[PDB]
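Q: Below is the file coords.cif, which contains mmCIF, N, CA and C atoms.
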```
data_run
loop_
_atom_site.group_PDB
_atom_site.id
_atom_site.type_symbol
_atom_site.label_atom_id
_atom_site.label_comp_id
_atom_site.auth_asym_id
_atom_site.auth_seq_id
_atom_site.Cartn_x
_atom_site.Cartn_y
_atom_site.Cartn_z
ATOM 1 N N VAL W 350 110.535 102.044 66.234
ATOM 2 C CA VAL W 350 110.842 101.039 67.270
ATOM 3 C C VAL W 350 112.344 100.816 67.496
ATOM 4 N N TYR W 351 113.202 101.024 66.488
ATOM 5 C CA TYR W 351 114.664 101.021 66.685
ATOM 6 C C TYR W 351 115.183 102.232 67.497
ATOM 7 N N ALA W 352 114.324 103.226 67.758
ATOM 8 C CA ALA W 352 114.631 104.509 68.392
ATOM 9 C C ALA W 352 113.559 104.914 69.435
ATOM 10 N N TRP W 353 113.005 103.931 70.154
ATOM 11 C CA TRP W 353 111.898 104.081 71.109
ATOM 12 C C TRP W 353 112.087 105.258 72.084
ATOM 13 N N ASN W 354 111.005 105.987 72.374
ATOM 14 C CA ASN W 354 111.039 107.227 73.163
ATOM 15 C C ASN W 354 110.532 106.957 74.584
ATOM 16 N N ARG W 355 111.310 107.347 75.595
ATOM 17 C CA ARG W 355 111.012 107.146 77.021
ATOM 18 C C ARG W 355 110.659 108.471 77.695
ATOM 19 N N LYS W 356 109.453 108.556 78.262
ATOM 20 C CA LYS W 356 109.145 109.483 79.364
ATOM 21 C C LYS W 356 109.634 108.868 80.678
ATOM 22 N N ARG W 357 110.118 109.693 81.604
ATOM 23 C CA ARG W 357 110.319 109.315 83.013
ATOM 24 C C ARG W 357 109.248 109.995 83.861
ATOM 25 N N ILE W 358 108.515 109.193 84.622
ATOM 26 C CA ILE W 358 107.343 109.597 85.399
ATOM 27 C C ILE W 358 107.737 109.647 86.878
ATOM 28 N N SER W 359 107.538 110.798 87.522
ATOM 29 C CA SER W 359 107.837 111.003 88.943
ATOM 30 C C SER W 359 107.029 112.164 89.535
ATOM 31 N N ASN W 360 106.900 112.187 90.863
ATOM 32 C CA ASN W 360 106.345 113.303 91.648
ATOM 33 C C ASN W 360 104.914 113.709 91.234
ATOM 34 N N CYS W 361 104.033 112.723 91.056
ATOM 35 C CA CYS W 361 102.716 112.881 90.429
ATOM 36 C C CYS W 361 101.766 111.722 90.780
ATOM 37 N N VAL W 362 100.490 111.846 90.401
ATOM 38 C CA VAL W 362 99.516 110.737 90.438
ATOM 39 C C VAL W 362 98.755 110.616 89.120
ATOM 40 N N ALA W 363 98.187 109.448 88.820
ATOM 41 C CA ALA W 363 97.289 109.275 87.674
ATOM 42 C C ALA W 363 96.291 108.131 87.888
ATOM 43 N N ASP W 364 95.132 108.188 87.228
ATOM 44 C CA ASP W 364 94.159 107.094 87.226
ATOM 45 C C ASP W 364 94.555 106.004 86.219
ATOM 46 N N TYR W 365 95.445 105.111 86.645
ATOM 47 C CA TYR W 365 95.895 103.960 85.865
ATOM 48 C C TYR W 365 94.762 103.007 85.451
ATOM 49 N N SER W 366 93.553 103.105 86.015
ATOM 50 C CA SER W 366 92.427 102.310 85.522
ATOM 51 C C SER W 366 91.961 102.739 84.126
ATOM 52 N N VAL W 367 92.163 104.009 83.746
ATOM 53 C CA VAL W 367 91.747 104.541 82.433
ATOM 54 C C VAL W 367 92.401 103.782 81.274
ATOM 55 N N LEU W 368 93.583 103.201 81.501
ATOM 56 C CA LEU W 368 94.342 102.406 80.530
ATOM 57 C C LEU W 368 93.599 101.157 80.014
ATOM 58 N N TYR W 369 92.566 100.696 80.723
ATOM 59 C CA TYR W 369 91.689 99.599 80.293
ATOM 60 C C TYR W 369 90.196 99.894 80.487
ATOM 61 N N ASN W 370 89.805 100.852 81.332
ATOM 62 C CA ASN W 370 88.414 101.305 81.378
ATOM 63 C C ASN W 370 88.018 102.068 80.099
ATOM 64 N N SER W 371 88.933 102.848 79.508
ATOM 65 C CA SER W 371 88.722 103.484 78.203
ATOM 66 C C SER W 371 88.854 102.478 77.052
ATOM 67 N N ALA W 372 87.879 102.461 76.138
ATOM 68 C CA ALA W 372 87.895 101.641 74.921
ATOM 69 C C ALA W 372 88.874 102.145 73.830
ATOM 70 N N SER W 373 89.583 103.252 74.077
ATOM 71 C CA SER W 373 90.595 103.835 73.179
ATOM 72 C C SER W 373 91.791 102.918 72.874
ATOM 73 N N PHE W 374 92.043 101.886 73.688
ATOM 74 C CA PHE W 374 93.206 101.003 73.558
ATOM 75 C C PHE W 374 92.808 99.563 73.207
ATOM 76 N N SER W 375 93.374 99.022 72.124
ATOM 77 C CA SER W 375 92.971 97.729 71.543
ATOM 78 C C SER W 375 93.424 96.512 72.361
ATOM 79 N N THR W 376 94.481 96.647 73.164
ATOM 80 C CA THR W 376 94.961 95.628 74.110
ATOM 81 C C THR W 376 95.651 96.280 75.310
ATOM 82 N N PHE W 377 95.476 95.677 76.488
ATOM 83 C CA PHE W 377 96.226 95.990 77.702
ATOM 84 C C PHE W 377 96.708 94.697 78.376
ATOM 85 N N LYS W 378 97.964 94.662 78.832
ATOM 86 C CA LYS W 378 98.590 93.507 79.512
ATOM 87 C C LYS W 378 99.408 93.972 80.717
ATOM 88 N N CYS W 379 99.535 93.141 81.749
ATOM 89 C CA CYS W 379 100.351 93.428 82.934
ATOM 90 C C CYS W 379 101.136 92.201 83.416
ATOM 91 N N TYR W 380 102.325 92.449 83.966
ATOM 92 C CA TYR W 380 103.284 91.438 84.413
ATOM 93 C C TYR W 380 103.823 91.802 85.806
ATOM 94 N N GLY W 381 103.894 90.824 86.711
ATOM 95 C CA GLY W 381 104.145 91.034 88.145
ATOM 96 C C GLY W 381 102.949 91.663 88.878
ATOM 97 N N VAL W 382 102.529 92.851 88.440
ATOM 98 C CA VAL W 382 101.301 93.542 88.871
ATOM 99 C C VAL W 382 100.051 93.024 88.145
ATOM 100 N N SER W 383 98.877 93.278 88.730
ATOM 101 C CA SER W 383 97.553 92.967 88.175
ATOM 102 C C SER W 383 96.837 94.254 87.722
ATOM 103 N N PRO W 384 96.170 94.292 86.550
ATOM 104 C CA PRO W 384 95.605 95.527 85.992
ATOM 105 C C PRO W 384 94.567 96.194 86.906
ATOM 106 N N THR W 385 93.751 95.417 87.620
ATOM 107 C CA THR W 385 92.740 95.944 88.557
ATOM 108 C C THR W 385 93.344 96.547 89.835
ATOM 109 N N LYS W 386 94.595 96.205 90.176
ATOM 110 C CA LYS W 386 95.293 96.651 91.397
ATOM 111 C C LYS W 386 95.998 98.011 91.256
ATOM 112 N N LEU W 387 96.277 98.470 90.032
ATOM 113 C CA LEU W 387 97.206 99.583 89.758
ATOM 114 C C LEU W 387 96.917 100.879 90.542
ATOM 115 N N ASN W 388 95.645 101.249 90.716
ATOM 116 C CA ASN W 388 95.255 102.469 91.435
ATOM 117 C C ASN W 388 95.560 102.448 92.951
ATOM 118 N N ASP W 389 95.866 101.291 93.543
ATOM 119 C CA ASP W 389 96.262 101.183 94.955
ATOM 120 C C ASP W 389 97.784 101.325 95.170
ATOM 121 N N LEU W 390 98.586 101.240 94.103
ATOM 122 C CA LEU W 390 100.047 101.127 94.169
ATOM 123 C C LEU W 390 100.777 102.485 94.226
ATOM 124 N N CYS W 391 102.033 102.451 94.681
ATOM 125 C CA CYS W 391 102.987 103.563 94.645
ATOM 126 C C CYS W 391 104.400 103.075 94.250
ATOM 127 N N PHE W 392 105.184 103.928 93.582
ATOM 128 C CA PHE W 392 106.499 103.612 93.003
ATOM 129 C C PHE W 392 107.462 104.806 93.068
ATOM 130 N N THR W 393 108.769 104.550 93.080
ATOM 131 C CA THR W 393 109.807 105.597 93.080
ATOM 132 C C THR W 393 109.885 106.287 91.725
ATOM 133 N N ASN W 394 109.970 105.508 90.647
ATOM 134 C CA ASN W 394 109.893 105.988 89.268
ATOM 135 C C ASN W 394 108.982 105.055 88.458
ATOM 136 N N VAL W 395 108.447 105.565 87.352
ATOM 137 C CA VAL W 395 107.905 104.735 86.270
ATOM 138 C C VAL W 395 108.522 105.191 84.948
ATOM 139 N N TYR W 396 108.936 104.258 84.093
ATOM 140 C CA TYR W 396 109.451 104.575 82.756
ATOM 141 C C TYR W 396 108.408 104.206 81.707
ATOM 142 N N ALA W 397 108.001 105.190 80.909
ATOM 143 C CA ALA W 397 106.954 105.070 79.907
ATOM 144 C C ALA W 397 107.583 105.066 78.505
ATOM 145 N N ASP W 398 107.801 103.872 77.960
ATOM 146 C CA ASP W 398 108.538 103.645 76.713
ATOM 147 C C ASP W 398 107.554 103.472 75.557
ATOM 148 N N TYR U 449 95.278 68.358 77.862
ATOM 149 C CA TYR U 449 94.429 69.492 78.249
ATOM 150 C C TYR U 449 93.352 69.152 79.291
ATOM 151 N N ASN U 450 93.197 67.872 79.649
ATOM 152 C CA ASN U 450 92.190 67.387 80.603
ATOM 153 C C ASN U 450 92.401 67.852 82.063
ATOM 154 N N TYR U 451 93.509 68.539 82.356
ATOM 155 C CA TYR U 451 93.788 69.169 83.645
ATOM 156 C C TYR U 451 93.670 70.695 83.548
ATOM 157 N N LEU U 452 92.845 71.292 84.411
ATOM 158 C CA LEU U 452 92.464 72.708 84.396
ATOM 159 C C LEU U 452 92.422 73.335 85.801
ATOM 160 N N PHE U 453 92.405 74.666 85.845
ATOM 161 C CA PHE U 453 92.272 75.473 87.057
ATOM 162 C C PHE U 453 91.407 76.720 86.816
ATOM 163 N N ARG U 454 90.812 77.263 87.880
ATOM 164 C CA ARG U 454 90.107 78.550 87.894
ATOM 165 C C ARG U 454 91.099 79.710 87.958
ATOM 166 N N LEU U 455 91.065 80.567 86.939
ATOM 167 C CA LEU U 455 91.869 81.784 86.790
ATOM 168 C C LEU U 455 91.234 83.016 87.464
ATOM 169 N N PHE U 456 89.899 83.084 87.521
ATOM 170 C CA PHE U 456 89.140 84.223 88.057
ATOM 171 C C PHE U 456 87.972 83.790 88.953
ATOM 172 N N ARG U 457 87.702 84.569 90.006
ATOM 173 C CA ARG U 457 86.498 84.473 90.846
ATOM 174 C C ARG U 457 86.138 85.848 91.426
ATOM 175 N N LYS U 458 84.866 86.063 91.787
ATOM 176 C CA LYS U 458 84.390 87.295 92.457
ATOM 177 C C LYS U 458 85.072 87.541 93.812
ATOM 178 N N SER U 459 85.338 86.473 94.561
ATOM 179 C CA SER U 459 85.938 86.500 95.900
ATOM 180 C C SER U 459 86.632 85.172 96.228
ATOM 181 N N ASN U 460 87.520 85.190 97.223
ATOM 182 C CA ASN U 460 88.251 84.005 97.674
ATOM 183 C C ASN U 460 87.306 82.944 98.275
ATOM 184 N N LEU U 461 87.630 81.667 98.083
ATOM 185 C CA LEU U 461 86.926 80.530 98.681
ATOM 186 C C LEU U 461 87.029 80.511 100.216
ATOM 187 N N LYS U 462 85.942 80.134 100.890
ATOM 188 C CA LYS U 462 85.969 79.682 102.290
ATOM 189 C C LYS U 462 86.619 78.291 102.393
ATOM 190 N N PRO U 463 87.074 77.851 103.579
ATOM 191 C CA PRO U 463 87.719 76.551 103.728
ATOM 192 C C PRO U 463 86.844 75.383 103.258
ATOM 193 N N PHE U 464 87.411 74.508 102.422
ATOM 194 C CA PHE U 464 86.720 73.415 101.725
ATOM 195 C C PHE U 464 85.478 73.829 100.903
ATOM 196 N N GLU U 465 85.309 75.110 100.555
ATOM 197 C CA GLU U 465 84.316 75.529 99.557
ATOM 198 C C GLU U 465 84.689 74.972 98.170
ATOM 199 N N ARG U 466 83.688 74.608 97.360
ATOM 200 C CA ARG U 466 83.856 73.970 96.042
ATOM 201 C C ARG U 466 82.992 74.679 95.000
ATOM 202 N N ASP U 467 83.533 74.944 93.814
ATOM 203 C CA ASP U 467 82.880 75.813 92.828
ATOM 204 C C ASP U 467 83.214 75.419 91.381
ATOM 205 N N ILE U 468 82.242 74.821 90.690
ATOM 206 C CA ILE U 468 82.364 74.340 89.303
ATOM 207 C C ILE U 468 81.823 75.328 88.247
ATOM 208 N N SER U 469 81.371 76.527 88.637
ATOM 209 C CA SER U 469 80.699 77.469 87.723
ATOM 210 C C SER U 469 81.611 77.976 86.592
ATOM 211 N N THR U 470 81.090 78.072 85.364
ATOM 212 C CA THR U 470 81.838 78.501 84.161
ATOM 213 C C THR U 470 81.337 79.826 83.566
ATOM 214 N N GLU U 471 80.582 80.622 84.324
ATOM 215 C CA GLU U 471 80.098 81.937 83.877
ATOM 216 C C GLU U 471 81.247 82.925 83.590
ATOM 217 N N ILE U 472 81.096 83.736 82.540
ATOM 218 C CA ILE U 472 82.099 84.709 82.095
ATOM 219 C C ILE U 472 82.270 85.818 83.144
ATOM 220 N N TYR U 473 83.492 85.970 83.649
ATOM 221 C CA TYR U 473 83.887 86.958 84.650
ATOM 222 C C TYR U 473 84.015 88.362 84.036
ATOM 223 N N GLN U 474 83.430 89.380 84.670
ATOM 224 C CA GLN U 474 83.487 90.780 84.227
ATOM 225 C C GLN U 474 84.353 91.614 85.177
ATOM 226 N N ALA U 475 85.378 92.278 84.640
ATOM 227 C CA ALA U 475 86.282 93.136 85.408
ATOM 228 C C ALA U 475 85.822 94.606 85.507
ATOM 229 N N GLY U 476 85.055 95.118 84.534
ATOM 230 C CA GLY U 476 84.760 96.555 84.457
ATOM 231 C C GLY U 476 83.847 96.987 83.305
ATOM 232 N N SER U 477 84.289 98.000 82.550
ATOM 233 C CA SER U 477 83.484 98.904 81.698
ATOM 234 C C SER U 477 82.802 98.309 80.447
ATOM 235 N N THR U 478 82.691 96.987 80.318
ATOM 236 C CA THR U 478 81.966 96.305 79.226
ATOM 237 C C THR U 478 81.478 94.927 79.696
ATOM 238 N N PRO U 479 80.183 94.584 79.528
ATOM 239 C CA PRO U 479 79.614 93.315 79.978
ATOM 240 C C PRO U 479 79.957 92.131 79.064
ATOM 241 N N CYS U 480 79.921 90.924 79.634
ATOM 242 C CA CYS U 480 80.387 89.701 78.980
ATOM 243 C C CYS U 480 79.413 89.140 77.940
ATOM 244 N N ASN U 481 78.113 89.110 78.251
ATOM 245 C CA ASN U 481 77.032 88.655 77.362
ATOM 246 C C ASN U 481 77.271 87.276 76.692
ATOM 247 N N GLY U 482 78.037 86.387 77.331
ATOM 248 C CA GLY U 482 78.396 85.069 76.790
ATOM 249 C C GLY U 482 79.528 85.065 75.748
ATOM 250 N N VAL U 483 80.379 86.098 75.705
ATOM 251 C CA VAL U 483 81.562 86.160 74.820
ATOM 252 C C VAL U 483 82.527 84.986 75.026
ATOM 253 N N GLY U 485 86.755 88.599 75.842
ATOM 254 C CA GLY U 485 86.539 89.895 75.204
ATOM 255 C C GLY U 485 87.147 91.073 75.974
ATOM 256 N N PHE U 486 86.750 92.294 75.616
ATOM 257 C CA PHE U 486 87.185 93.512 76.307
ATOM 258 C C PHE U 486 86.617 93.573 77.739
ATOM 259 N N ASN U 487 87.504 93.591 78.742
ATOM 260 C CA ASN U 487 87.193 93.566 80.181
ATOM 261 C C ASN U 487 86.312 92.385 80.671
ATOM 262 N N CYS U 488 86.169 91.312 79.881
ATOM 263 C CA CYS U 488 85.430 90.092 80.236
ATOM 264 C C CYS U 488 86.168 88.810 79.823
ATOM 265 N N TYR U 489 86.100 87.771 80.661
ATOM 266 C CA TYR U 489 87.005 86.618 80.598
ATOM 267 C C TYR U 489 86.304 85.293 80.924
ATOM 268 N N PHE U 490 86.637 84.220 80.209
ATOM 269 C CA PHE U 490 86.263 82.863 80.615
ATOM 270 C C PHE U 490 87.035 82.476 81.899
ATOM 271 N N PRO U 491 86.384 81.920 82.941
ATOM 272 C CA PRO U 491 86.974 81.834 84.280
ATOM 273 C C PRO U 491 87.986 80.698 84.490
ATOM 274 N N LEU U 492 88.098 79.735 83.568
ATOM 275 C CA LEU U 492 89.000 78.580 83.681
ATOM 276 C C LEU U 492 90.129 78.640 82.642
ATOM 277 N N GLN U 493 91.239 77.952 82.907
ATOM 278 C CA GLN U 493 92.306 77.684 81.935
ATOM 279 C C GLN U 493 92.822 76.248 82.073
ATOM 280 N N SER U 494 93.354 75.679 80.991
ATOM 281 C CA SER U 494 94.024 74.375 81.020
ATOM 282 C C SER U 494 95.524 74.502 81.309
ATOM 283 N N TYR U 495 96.104 73.492 81.961
ATOM 284 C CA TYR U 495 97.559 73.322 82.060
ATOM 285 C C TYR U 495 98.193 72.789 80.761
ATOM 286 N N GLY U 496 97.463 71.994 79.965
ATOM 287 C CA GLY U 496 97.930 71.497 78.660
ATOM 288 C C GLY U 496 99.248 70.706 78.688
ATOM 289 N N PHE U 497 99.447 69.822 79.672
ATOM 290 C CA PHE U 497 100.759 69.264 80.030
ATOM 291 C C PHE U 497 101.466 68.491 78.898
#
```
Would you give me this structure, written as structure tokens?

A:
Amino acid sequence: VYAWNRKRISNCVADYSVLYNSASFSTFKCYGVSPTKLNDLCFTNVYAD
Amino acid sequence: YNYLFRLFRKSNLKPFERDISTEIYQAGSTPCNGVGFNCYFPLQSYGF
């Protein structure tokens, strides 16, 4: 955590609903955006830390 | 804590529609069954 690793996400699509539809993840949270809305959205970049 | 609001509903209210229901709201891939994962109690307190 003192050396956190960042992917930069661009020029692509993904099913962001899988992040909470899959039981593989013990918690999911969202801020500004709503978790059910994510598949309708578009962005210039996303940073995956 | 005696002041509260509805955090979740299936759809938006019509004008002057009123709704006191406390049933557990389900978002997706797991049912509520009176509980959680993808399921939520529909009210919250302000707790002033």

Q: Kindly resolve the PyMOL selection byres ((chain W) within 8 of (chain U)) on the present coordinates and return the residues as a PyMOL selection string.

A: chain W and resi 369-372+375+385

Q: Take the PyMOL selection byres ((chain W and resi 365) around 8), apply it to the structure above, and return the hits as a list in words.

A: residues 362, 363, 364, 366, 367, 368, 369, 370, 384, 385, 386, 387, 388 and 389 of chain W

Q: May I ask for the distance between atom C of residue W:354 and atom N of residue W:395, given in Å to one decimal place?

A: 13.0 Å

Q: Extract, using only C-alpha atoms, all DNA, RNA and protein residues at most 12 Å from residue U:468, discarding same-chain residues fewer than 3 positions from it, and format them as a list in words.

A: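 Those residues are residues 452, 453, 454, 457, 465, 471, 491 and 492 of chain U.
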
Q: Quote the spacing between atom N of residue U:496 and atom N of residue U:450 in Å to one decimal place.

A: 5.9 Å

Q: What is the distance between atom N of residue U:449 and atom C of residue U:490, in Å to one decimal?

A: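 That distance, rounded to one decimal, is 16.8 Å.
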
Q: Here is a test: counting only N, CA and C atoms, which residue of W:356, W:380, W:350, W:373 is nearest to residue W:398?

A: W:356

Q: Please report, as AutoDock Vina command-line options, the centre and edge lengths in Å to one decimal of an axis-aligned box covering all listed atoms of stretch 355-366 of chain W with 8 Å per side.

A:
```
--center_x 101.6 --center_y 108.0 --center_z 83.6 --size_x 35.3 --size_y 27.4 --size_z 32.1
```

Q: So, with only N, CA and C atoms as the atoms that count, which of U:458, U:489, U:497, U:451 lies closest to residue U:473?

A: U:489

Q: Would you mind completing stretch 473-494 of chain U so that it carries N, CA, C and O atoms, and writing it out as a PDB file, keeping the file's coordinate frame?

A:
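File part-v1.pdb, as written:
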```
ATOM      1  N   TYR U 473      83.492  85.970  83.649  1.00  0.00           N
ATOM      2  CA  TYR U 473      83.887  86.958  84.650  1.00  0.00           C
ATOM      3  C   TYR U 473      84.015  88.362  84.036  1.00  0.00           C
ATOM      4  O   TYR U 473      84.665  88.525  83.004  1.00  0.00           O
ATOM      5  N   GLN U 474      83.430  89.380  84.670  1.00  0.00           N
ATOM      6  CA  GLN U 474      83.487  90.780  84.227  1.00  0.00           C
ATOM      7  C   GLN U 474      84.353  91.614  85.177  1.00  0.00           C
ATOM      8  O   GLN U 474      84.072  91.689  86.375  1.00  0.00           O
ATOM      9  N   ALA U 475      85.378  92.278  84.640  1.00  0.00           N
ATOM     10  CA  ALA U 475      86.282  93.136  85.408  1.00  0.00           C
ATOM     11  C   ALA U 475      85.822  94.606  85.507  1.00  0.00           C
ATOM     12  O   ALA U 475      86.182  95.294  86.465  1.00  0.00           O
ATOM     13  N   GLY U 476      85.055  95.118  84.534  1.00  0.00           N
ATOM     14  CA  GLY U 476      84.760  96.555  84.457  1.00  0.00           C
ATOM     15  C   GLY U 476      83.847  96.987  83.305  1.00  0.00           C
ATOM     16  O   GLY U 476      82.755  96.445  83.131  1.00  0.00           O
ATOM     17  N   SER U 477      84.289  98.000  82.550  1.00  0.00           N
ATOM     18  CA  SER U 477      83.484  98.904  81.698  1.00  0.00           C
ATOM     19  C   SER U 477      82.802  98.309  80.447  1.00  0.00           C
ATOM     20  O   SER U 477      82.366  99.055  79.568  1.00  0.00           O
ATOM     21  N   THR U 478      82.691  96.987  80.318  1.00  0.00           N
ATOM     22  CA  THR U 478      81.966  96.305  79.226  1.00  0.00           C
ATOM     23  C   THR U 478      81.478  94.927  79.696  1.00  0.00           C
ATOM     24  O   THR U 478      82.287  94.174  80.237  1.00  0.00           O
ATOM     25  N   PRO U 479      80.183  94.584  79.528  1.00  0.00           N
ATOM     26  CA  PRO U 479      79.614  93.315  79.978  1.00  0.00           C
ATOM     27  C   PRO U 479      79.957  92.131  79.064  1.00  0.00           C
ATOM     28  O   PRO U 479      80.226  92.289  77.872  1.00  0.00           O
ATOM     29  N   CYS U 480      79.921  90.924  79.634  1.00  0.00           N
ATOM     30  CA  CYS U 480      80.387  89.701  78.980  1.00  0.00           C
ATOM     31  C   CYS U 480      79.413  89.140  77.940  1.00  0.00           C
ATOM     32  O   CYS U 480      79.838  88.713  76.868  1.00  0.00           O
ATOM     33  N   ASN U 481      78.113  89.110  78.251  1.00  0.00           N
ATOM     34  CA  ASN U 481      77.032  88.655  77.362  1.00  0.00           C
ATOM     35  C   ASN U 481      77.271  87.276  76.692  1.00  0.00           C
ATOM     36  O   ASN U 481      76.776  87.016  75.592  1.00  0.00           O
ATOM     37  N   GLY U 482      78.037  86.387  77.331  1.00  0.00           N
ATOM     38  CA  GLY U 482      78.396  85.069  76.790  1.00  0.00           C
ATOM     39  C   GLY U 482      79.528  85.065  75.748  1.00  0.00           C
ATOM     40  O   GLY U 482      79.627  84.116  74.966  1.00  0.00           O
ATOM     41  N   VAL U 483      80.379  86.098  75.705  1.00  0.00           N
ATOM     42  CA  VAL U 483      81.562  86.160  74.820  1.00  0.00           C
ATOM     43  C   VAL U 483      82.527  84.986  75.026  1.00  0.00           C
ATOM     44  O   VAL U 483      82.715  84.491  76.144  1.00  0.00           O
ATOM     45  N   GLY U 485      86.755  88.599  75.842  1.00  0.00           N
ATOM     46  CA  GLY U 485      86.539  89.895  75.204  1.00  0.00           C
ATOM     47  C   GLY U 485      87.147  91.073  75.974  1.00  0.00           C
ATOM     48  O   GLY U 485      87.960  90.904  76.885  1.00  0.00           O
ATOM     49  N   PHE U 486      86.750  92.294  75.616  1.00  0.00           N
ATOM     50  CA  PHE U 486      87.185  93.512  76.307  1.00  0.00           C
ATOM     51  C   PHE U 486      86.617  93.573  77.739  1.00  0.00           C
ATOM     52  O   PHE U 486      85.403  93.574  77.937  1.00  0.00           O
ATOM     53  N   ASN U 487      87.504  93.591  78.742  1.00  0.00           N
ATOM     54  CA  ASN U 487      87.193  93.566  80.181  1.00  0.00           C
ATOM     55  C   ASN U 487      86.312  92.385  80.671  1.00  0.00           C
ATOM     56  O   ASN U 487      85.799  92.435  81.792  1.00  0.00           O
ATOM     57  N   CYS U 488      86.169  91.312  79.881  1.00  0.00           N
ATOM     58  CA  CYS U 488      85.430  90.092  80.236  1.00  0.00           C
ATOM     59  C   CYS U 488      86.168  88.810  79.823  1.00  0.00           C
ATOM     60  O   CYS U 488      86.785  88.755  78.758  1.00  0.00           O
ATOM     61  N   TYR U 489      86.100  87.771  80.661  1.00  0.00           N
ATOM     62  CA  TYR U 489      87.005  86.618  80.598  1.00  0.00           C
ATOM     63  C   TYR U 489      86.304  85.293  80.924  1.00  0.00           C
ATOM     64  O   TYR U 489      85.515  85.209  81.864  1.00  0.00           O
ATOM     65  N   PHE U 490      86.637  84.220  80.209  1.00  0.00           N
ATOM     66  CA  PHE U 490      86.263  82.863  80.615  1.00  0.00           C
ATOM     67  C   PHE U 490      87.035  82.476  81.899  1.00  0.00           C
ATOM     68  O   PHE U 490      88.241  82.719  81.973  1.00  0.00           O
ATOM     69  N   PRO U 491      86.384  81.920  82.941  1.00  0.00           N
ATOM     70  CA  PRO U 491      86.974  81.834  84.280  1.00  0.00           C
ATOM     71  C   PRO U 491      87.986  80.698  84.490  1.00  0.00           C
ATOM     72  O   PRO U 491      88.655  80.689  85.523  1.00  0.00           O
ATOM     73  N   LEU U 492      88.098  79.735  83.568  1.00  0.00           N
ATOM     74  CA  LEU U 492      89.000  78.580  83.681  1.00  0.00           C
ATOM     75  C   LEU U 492      90.129  78.640  82.642  1.00  0.00           C
ATOM     76  O   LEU U 492      89.982  79.256  81.590  1.00  0.00           O
ATOM     77  N   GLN U 493      91.239  77.952  82.907  1.00  0.00           N
ATOM     78  CA  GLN U 493      92.306  77.684  81.935  1.00  0.00           C
ATOM     79  C   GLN U 493      92.822  76.248  82.073  1.00  0.00           C
ATOM     80  O   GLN U 493      92.747  75.652  83.146  1.00  0.00           O
ATOM     81  N   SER U 494      93.354  75.679  80.991  1.00  0.00           N
ATOM     82  CA  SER U 494      94.024  74.375  81.020  1.00  0.00           C
ATOM     83  C   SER U 494      95.524  74.502  81.309  1.00  0.00           C
ATOM     84  O   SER U 494      96.160  75.478  80.906  1.00  0.00           O
TER      85      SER U 494
END
```
